[PDB]
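Student:
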Amino acid sequence: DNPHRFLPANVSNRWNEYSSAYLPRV
Amino acid sequence: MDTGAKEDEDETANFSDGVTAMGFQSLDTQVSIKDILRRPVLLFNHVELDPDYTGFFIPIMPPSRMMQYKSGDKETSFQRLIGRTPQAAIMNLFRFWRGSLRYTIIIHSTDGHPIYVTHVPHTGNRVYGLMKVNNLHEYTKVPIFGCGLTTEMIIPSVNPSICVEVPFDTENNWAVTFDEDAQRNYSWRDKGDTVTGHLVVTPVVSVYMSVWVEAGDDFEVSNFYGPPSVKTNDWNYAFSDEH
Amino acid sequence: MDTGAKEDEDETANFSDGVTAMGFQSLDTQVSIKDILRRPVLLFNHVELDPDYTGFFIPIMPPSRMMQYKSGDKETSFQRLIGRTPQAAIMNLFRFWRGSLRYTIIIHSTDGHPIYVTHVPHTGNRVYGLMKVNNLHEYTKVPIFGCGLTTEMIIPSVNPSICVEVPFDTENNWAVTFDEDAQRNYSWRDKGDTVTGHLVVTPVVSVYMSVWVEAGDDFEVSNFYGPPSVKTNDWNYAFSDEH
Amino acid sequence: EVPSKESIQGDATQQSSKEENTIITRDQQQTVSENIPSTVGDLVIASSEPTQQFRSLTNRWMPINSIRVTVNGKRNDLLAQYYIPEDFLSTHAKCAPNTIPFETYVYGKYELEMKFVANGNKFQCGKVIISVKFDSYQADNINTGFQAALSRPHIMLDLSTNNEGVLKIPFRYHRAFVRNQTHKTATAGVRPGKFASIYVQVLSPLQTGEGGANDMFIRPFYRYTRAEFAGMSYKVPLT
Amino acid sequence: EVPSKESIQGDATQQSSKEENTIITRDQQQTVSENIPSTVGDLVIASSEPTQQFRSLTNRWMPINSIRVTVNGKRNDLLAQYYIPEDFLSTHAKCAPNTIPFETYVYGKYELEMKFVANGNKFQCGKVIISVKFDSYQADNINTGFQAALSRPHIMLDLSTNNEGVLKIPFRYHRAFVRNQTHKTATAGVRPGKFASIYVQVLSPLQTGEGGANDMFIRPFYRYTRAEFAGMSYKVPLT
Amino acid sequence: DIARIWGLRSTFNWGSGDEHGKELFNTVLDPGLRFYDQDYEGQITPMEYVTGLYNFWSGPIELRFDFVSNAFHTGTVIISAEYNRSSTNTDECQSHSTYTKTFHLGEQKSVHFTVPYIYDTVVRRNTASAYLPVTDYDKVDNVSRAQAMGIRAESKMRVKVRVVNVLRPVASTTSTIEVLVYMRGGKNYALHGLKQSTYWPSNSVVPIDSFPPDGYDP
Amino acid sequence: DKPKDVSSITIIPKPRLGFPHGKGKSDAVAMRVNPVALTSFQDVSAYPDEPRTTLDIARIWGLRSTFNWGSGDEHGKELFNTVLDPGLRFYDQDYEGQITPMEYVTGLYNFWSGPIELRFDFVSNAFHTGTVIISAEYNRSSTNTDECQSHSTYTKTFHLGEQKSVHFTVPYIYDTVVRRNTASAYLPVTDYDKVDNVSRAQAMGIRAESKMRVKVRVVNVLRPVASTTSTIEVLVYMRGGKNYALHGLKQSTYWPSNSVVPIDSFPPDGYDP
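Protein chains in written order, with the deposited numbering: chain D, 1 to 26; chain A, 1 to 243; chain A', 1 to 243; chain B, 1 to 239; chain B', 1 to 239; chain C, 56 to 273; chain C', 1 to 273. A prime marks a further copy of an entry chain.
Okay, here's the thing in structure tokens:
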């Protein structure tokens, strides 16, 4: 499917965005 | 915005500031942000209107990185160089905007058929292009332009072009300019806050149109974000002054 | 109208009334009844004019429940969503109206043939669409536009659209907006009091037209009836904000 | 502003900030961001009933989690980030009395002040930048560099001098109010508890001498300069 | 004060009490206890730091549990009793925003107002008395009769007329402050959360006619007229 | 001006059997739509009718509760306006913690209640559609919903009426009474963004014909 | 009466009014009830600290470059050396990163002029000591090993110590009142097309590459204490001067390179899972 739709669980919070805990996003 | 003169603690002597070149060549100043946003941007270049559909939807939002083409991705009806316009680059710095936008629509025809442009206020969706509203197969008996909403007609035999100004009919204080990912499926009410409504073009018979967009006179931007990470390869497609 | 504050006998303390949102978003107020009635409604969407007939009759009356489509009934030339327009909903609350109406007629052509729009005052009948007056088979030698009545011409090569304002040429103080049953055969003079005349469009050769209607500047409504029994199923054709 | 000669307690020329029942001193000079306005006028329209302030609770200094800066950290790396108010309610300093009004009220407008205190030694060196991004929901992963931080309202921390930094954060949101708490009965259509993001980023990596310390620590403190609450409800646990 | 002739909505001559975001009306007359003073002067000495009020939260009306009065109930019987503030924090209306400041502050002074609304029919009859006993800890089982209630500050409720009653309760305690909450780390040597007791007692039994209702209901509402809090701490769950 | 007319919205019964804390009335107070999960058919209030013509609304909403009783009926109820978070049916305390008005029923048999406007936005967009071309009760699917005009932002604002003191009427009168719930816009009620009407006549709808050509002469 | 109207005038019919212009006159039709009604900015409006012009954005300090300065760096050695052209960062390679505010906005214009301001922040402590010389060199450039050539131009010597920052205004000294941009006015290449000489021959213009250079050389070698680091990083900020000017709107030279996704129809395009 389209991979942009939903963020992977390990990097994201419940609201489908990058978690504040996940510093490595940058 | 932070100018950063705060951090500049050094107060040693410096060279002259000189005299500005502004006004020397001409009085046509082009530095004003509002003046840059008020000159038009090509969205759709010769796109088809089909009377089998409700009409061609145009989401009410200014040009930005949201409409930027990337080599490899799926082919859209949008103009590819929207993201590289001055005003798109400016709108990438401001995530808030309030006020009216102006849409210049040109119908490629000289016929006496009326083409209607209907304004839809903020309903919470975000669509573009030809769409069958509620997936019906007949819209001549139930046209969007004759439902009650504000509408204006183009008569190409008289004038194939028009300029229409759409209001800020929304619940929110500001409209959101852009997101990090435009195709991400997040909280549905927040998803639709990047537009303030739609502009729907409905023909009689099959015909092509072109669409430009600009900011209105009553228009403001705010929430300065600063410059993003960017790339260029302009150098490669030009000779230097030394052959 | 009865506000009903009469019946409100309670005079205990209440929460704050706050401040109005009117003027906050924009100064474009859309609450005025007259302003709502003065913006146009699509009656006929691409209907044929035939020169074998006298002309296409348009009965002079505002949009209302009289022109409402019901699923199952016989197919008419009328727009199906007339009954669901704001101004039709407003006119369903007022059974009296006085003053002029304005009709925007667009001929789907660019030819040099003149299309005539003739005003007929209140004669006591109520018809719409193509009709042979006195069931003849020839009307080029005896046109309605050259009988003596007030007439205006459209020349599509110059302008395919026109806006014409029809007067309140009737015997009655008020025109009746609607009836309970529009097809009921009752007292014939009362039957015709729902219109103030007709507007008749006559072509040279076969051609299509579209018709809009709105209230004039000189226009009033009265005899407030309150809201009727209604139905809706809008919920069913939309997703919620929680998927 | 000007240092003095050494005495029994060293150079006793410290400054301090007292807010409610909390005091924070500083040994060296401080950098402060510009006092910039919030949206005003919509408050009276958005809420028919009057809004409330609880200055004694909200306007006091409250420390949050410690930040460790190492020699391994490169330029543009996120040391920490905070979605506010969410993270100050249900992640950092959860037992703070600053959070008490958020239990009962559903809406609010919030202007914050964030003080940062660093403690690196005189043989270290480095630069850290803290910046704010207003209405950041679904735009955290773009315009999120050191360059974007230098453009937006920010403060700069030198890791050798230990200069303090005070970031003044107004309320700049696309709606009149921000929602305080999610709930099982409440809608999931609106993201609550986030009107802004705070980023703490490396501007220049930490460096040290031969046999020196390979890390040092920064401590953020927060307070509300103007916290107006609206829409009273039954009290709930925060997230 | 004076009734009028009947109209569309009966005898529309009601009175009402608005406090914060809460309104309570009354169909008939009300009885109100005397406005009597609390201890003042010790506040500034007992607490070195200033005390705080949260009127928007505390000074609103909050209903507590319903009271049922039956024909079986005899004179001197307790219909209900409340140790305050304890029972308004961790027994009755636990999710009330009135209770929010008690989570963070350890001490306080409290002046209350308690409204009682009865609803018995016109073919019933009976008398109920509500009274307050100041600093009642280890003296609840003595001076606890109808006679003691008639002596102490009180209100009287006729069960047929449905007259309202408003008991004004000052702060009269043997210490400067009352403790708000017990805790595992805190001492067990002092009884917290009790500076007074409220008793609801039968003065004359409920009576009814042939085939009439054998019971009727009374609803208490409370509010703080003057709630000053002292000694800020980390927030805790109430009891 | 039409929105300032009082209109009978709903009705509910209140009996002597209804124990304390019980929800006599409970509704989402949205002037856009009466229901989100079922069809409506009946006499909609003036303020709802006219609000159906607009995409946006704002300002306080006024309610009036008329108790169809006599002097021998007695009891107490509490009206509560609840925002964002809603209360459990069995948890009266959750309703008591919001914006409330307690009414002592007796000689006076009517009470007014202004519902405050407390939201995150200055105006609220309508839950009904801006445009709906479906006229012949078409059987809906997910593709139809996916290609709708917008997304319904359903309101979580609720108004509830709970028993405070149980109704205790005399034996000689009725044990249960009806309560009429009227509704209208506040003095600072606002409307904006004209759209397709959500409501339309459901009774005695007949399209016009040519009089007298179309078989009027018998 | 019905008297004839003899008044007339010659007219030139145009399809649009003020289509090219950012200001002046417009023939725009308002989609409103009231045709002269506008959006209210009584309560909600642009904040006063927000930039109103592109020159205001150009006055924001932005981190351009960085370089290291160590105790091993002998006297006269180039610590920093660049062509200071706000049009392009490189002439001979691709750029990818966080471009400064003044470079970003200058990329939107075909012409620029006025002095450019630099700020050198030395990421050091009190125990670091040394001297560098900043030089603005015009027309003719210096050899890497010939410090004397750099010293003969417009220079500022900075004694690093307690103060760890120095400002430097780069004068505008050229044969023209404005300089044309080295980037292209229009580039239709979107899909990284492999370039040839025919493509370059049919370009929009010719790149007038700047010979103006700013350099930083060692005057006194860095001599820190043994207890601290022997090498330090130097941050080079840049912005437009107070009399910085821009003119001739064109296609933006820079464009977003991170997290670029085109919009789709919501919810028709498979949003309902």
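Every residue gets a Cβ at the ideal spot worked out from N, C-alpha and C, and that includes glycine.
(1) For the beta strand (DSSP E) that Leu157/B' lies in, which residues bound it at each end?
(2) Using only alpha-carbon positions, find the residue among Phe171/B, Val202/B, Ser48/B, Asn214/B that is nearest to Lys194/B.
(3) Using a Cβ-Cβ cut-off of less than 8 Å, list which residues of the stretch 217-248 of chain C approach chain B'; keep chain order.
(4) Taking contact to mean 3 or more Cβ pairs, one atom from each stretch, closer than 8 Å, check whether the stretch 153-162 of chain C and the stretch 119-136 of chain C are in contact.
(5) Between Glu86/B and the ligand ZN, is the CB less than 6 Å from at least one heavy atom?
(6) At 9 Å on the CB atoms, spell out the chain D contacts of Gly270/C', in chain order.
(7) Could you tell me whether the stretch 183-194 of chain C' touches the stretch 27-34 of chain A, using the rule of 3 or more Cβ pairs below 8 Å?
(8) Sort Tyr234/B', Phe54/B', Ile218/B' by Cα distance to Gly126/B' and report the nearest one.
(9) Determine, for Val195/A, whether the minimum Cβ-Cβ distance to residues of chain C falls below 7 Å.
(10) Output the distance between the C-alpha atoms of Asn172/A and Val132/B, rounded to the nearest integer angstrom.
(11) In its own chain, which residues sit with a C-beta less than 7 Å from the C-beta of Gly241/C', not counting the 5 before and 5 after it?
(12) Using CA coordinates, which residue listed in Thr39/B, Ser33/B, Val2/B, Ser48/B is at the minimum distance from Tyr174/C?
(13) Work out the CA separation of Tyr107/B' and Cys95/B' for me, nearest whole Å.
(14) With DSSP collapsed to three states, give me the class of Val127/A'.
(15) Can a CB atom of chain B' be found closer than 7 Å to the CB of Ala13/A'?
(16) Would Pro86/A pass as an interface residue toward chain A' - the criterion being a Cβ-Cβ separation below 7 Å?
(17) For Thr228/C, which option in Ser71/C, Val260/C, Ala245/C, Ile134/C has the closest C-alpha, if you only look at C-alpha atoms?
(18) Could you name the residues of the same chain whose beta carbon sits closer than 7 Å to that of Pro40/A', not counting the 5 residues immediately before and after it, in chain order?
(19) If you measure from the beta carbon of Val117/B' to each beta carbon in chain C, is any gap under 7 Å?
(20) Any beta carbon of chain B sitting closer than 7 Å to that of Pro262/C'?
(21) Could you tell me if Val11/D is buried or exposed, where buried requires 16 or more neighbouring beta carbons within 10 angstroms of its beta carbon?
(22) Alpha carbons only, please: which of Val6/C', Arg16/C', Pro15/C', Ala30/C' is nearest the one belonging to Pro167/A?
(23) Select from the stretch 53-81 of chain A' all residues with a C-beta closer than 7 Å to any C-beta belonging to chain B, and list them in chain order.
(24) Spell out whether any CB of chain C' is found under 7 Å from the CB atom of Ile142/B.
(25) For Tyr109/C' versus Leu235/C', is the C-beta distance shorter than 7 Å?
(26) Could you give the first and the last residue of the continuous alpha helix (DSSP H) run that contains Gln149/C?
(27) Within 8 Å, do at least three Cβ pairs link the stretch 47-55 of chain C' to the stretch 31-39 of chain B?
(28) Evaluate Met1/A' with the Cβ neighbour count: other Cβ atoms within 10 Å of its Cβ, from every protein chain shown; 16 or more gives buried, anything less gives exposed.
(29) Cα separation between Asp217/A and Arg38/A?
(30) To the nearest angstrom, how far is the alpha carbon of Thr99/B' from that of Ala227/B?
(31) Counting Cβ pairs closer than 8 Å, one from the stretch 155-162 of chain A and one from the stretch 157-166 of chain A', do we hit at least three?
(32) Closer than 8 Å between beta carbons: that is the criterion. Which residues of the stretch 20-38 of chain A' meet it against chain C'?
(33) Specify the secondary structure class of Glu11/A' as computed by DSSP and reduced to three states.
(34) Is it the case that the Cβ atoms of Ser197/B' and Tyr83/B' are separated by a distance below 7 Å?
(35) Nearest to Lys156/C' by alpha carbon, out of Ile263/C', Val44/C', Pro15/C', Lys215/C'?
(36) Apart from the five residues on each side of it in sequence, which residues of its chain come closer than 8 Å, Cβ to Cβ, to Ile67/B?
Tutor: For this structure:
(1) On the fifth sequence, position 157 is the one that residue 157/B' refers to. Segment 154-158, the beta strand (DSSP E) holding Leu157/B'.
(2) Taking the fourth sequence and counting its residues from 1, one reaches residue 194/B at position 194. For the residues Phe171/B, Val202/B, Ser48/B, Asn214/B, the minimum Cα distance to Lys194/B belongs to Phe171/B.
(3) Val219, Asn220, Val221, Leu222, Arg223, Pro224, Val225, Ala226, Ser227
(4) yes
(5) Looking at this structure, you won't find the ligand ZN or any other ligand, since it has none at all.
(6) Against the seventh sequence, residue 270/C' aligns to sequence position 270. Per Cβ cutoff of 9 Å: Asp1, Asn2, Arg5.
(7) no
(8) As a working mapping, residue 126/B' is identified with position 126 in the fifth sequence. The shortest C-alpha separation from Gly126/B' is found at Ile218/B'.
(9) Residue numbering aside, residue 195/A sits at position 195 when the second sequence is read from its first letter. Chain C contact via Cβ: absent.
(10) As a working note, residue 172/A is residue 172 in the second sequence. As a working note, residue 132/B is residue 132 in the fourth sequence. Looking at the two C-alpha atoms, the distance is approximately 22 Å.
(11) In the seventh sequence, the residue the question calls residue 241/C' occupies position 241. Cβ within range, chain order: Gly114, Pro115, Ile116, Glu117, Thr169.
(12) Position 119 of the sixth sequence, counted from the first residue, corresponds to residue 174/C. That would be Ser48/B, whose Cα lies nearest to the Cα of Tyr174/C.
(13) Within the fifth sequence, the letter at position 95 stands for residue 95/B'. Within the fifth sequence, the letter at position 107 stands for residue 107/B'. If I take the Cα positions, the gap works out to 21 Å.
(14) Working through the third sequence from its first residue, we reach residue 127/A' at position 127. Coil at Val127/A', not helix or strand.
(15) Taking the first residue of the third sequence as position 1, residue 13/A' is located at position 13. Taking Cβ atoms only, chain B' reaches closer than 7 Å to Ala13/A', which makes this a yes.
(16) Here the question's residue 86/A lines up with position 86 in the second sequence. Chain A', which has no Cβ nearer than 7 Å to the Cβ of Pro86/A, makes this no.
(17) As a working note, residue 228/C is residue 173 in the sixth sequence. Measuring from the Cα of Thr228/C, the nearest candidate turns out to be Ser71/C.
(18) Position 40 of the third sequence, counted from the first residue, corresponds to residue 40/A'. Around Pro40/A': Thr104, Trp212, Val213, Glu214.
(19) Numbered from 1 along the fifth sequence, position 117 holds the residue referred to as residue 117/B'. So, interface residue.
(20) By one-based count along the seventh sequence, residue 262/C' stands at place 262. No, because no Cβ of chain B sits closer than 7 Å to the Cβ of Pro262/C'.
(21) Stepping through the first sequence from its first residue, residue 11/D is reached at position 11. That one is exposed.
(22) For the purposes of this step, residue 167/A is taken as the residue at position 167 of the second sequence. Ranking the options by Cα distance to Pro167/A, first place goes to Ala30/C'.
(23) Under the 7 Å Cβ criterion, the stretch 53-81 of chain A' contributes no residue.
(24) Walking along the fourth sequence from the start, residue 142/B turns up at place 142. Interface residue, yes.
(25) As a first step, residue 109/C' must be located in the seventh sequence, where it is residue number 109. As a first step, residue 235/C' must be located in the seventh sequence, where it is residue number 235. Not closer than 7 Å, so no.
(26) Residue mapping note: residue 149/C aligns to position 94 of the sixth sequence, counting from 1. From DSSP, the alpha helix (DSSP H) with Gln149/C extends over 147-151.
(27) yes
(28) Locating residue 1/A' in the third sequence gives position 1, where the first residue counts as 1. Classification of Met1/A': exposed, given that the 10 Å Cβ count is below 16.
(29) The residue labelled residue 217/A in the question sits at position 217 within the second sequence. The residue labelled residue 38/A in the question sits at position 38 within the second sequence. Cα to Cα, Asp217/A sits roughly 8 Å from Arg38/A.
(30) Position 99 of the fifth sequence, counting from 1, holds the residue named residue 99/B'. Position 227 of the fourth sequence, counting from 1, holds the residue named residue 227/B. In a straight line, the C-alpha of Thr99/B' is about 20 Å away from that of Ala227/B.
(31) yes
(32) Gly23, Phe24, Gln25, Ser26, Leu27, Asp28, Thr29, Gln30, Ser32, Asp35, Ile36
(33) For this step, residue 11/A' is matched to residue 11 along the third sequence. Three-state DSSP puts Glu11/A' in coil, outside helix and strand.
(34) For the purposes of this step, residue 197/B' is taken as residue 197 along the fifth sequence, with counting starting at 1. For the purposes of this step, residue 83/B' is taken as residue 83 along the fifth sequence, with counting starting at 1. Yes; because the gap between Cβ atoms is below 7 Å, this pair is in contact.
(35) To locate residue 156/C', count along the seventh sequence from 1; it is residue 156. Considering only alpha carbons, the answer is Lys215/C'.
(36) The sequence position of residue 67/B within the fourth sequence is 67, counting from 1. Closer than 8 Å at the Cβ level, and outside the excluded window around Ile67/B, lie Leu79, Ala80, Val200, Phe217, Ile218, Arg219, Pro220.
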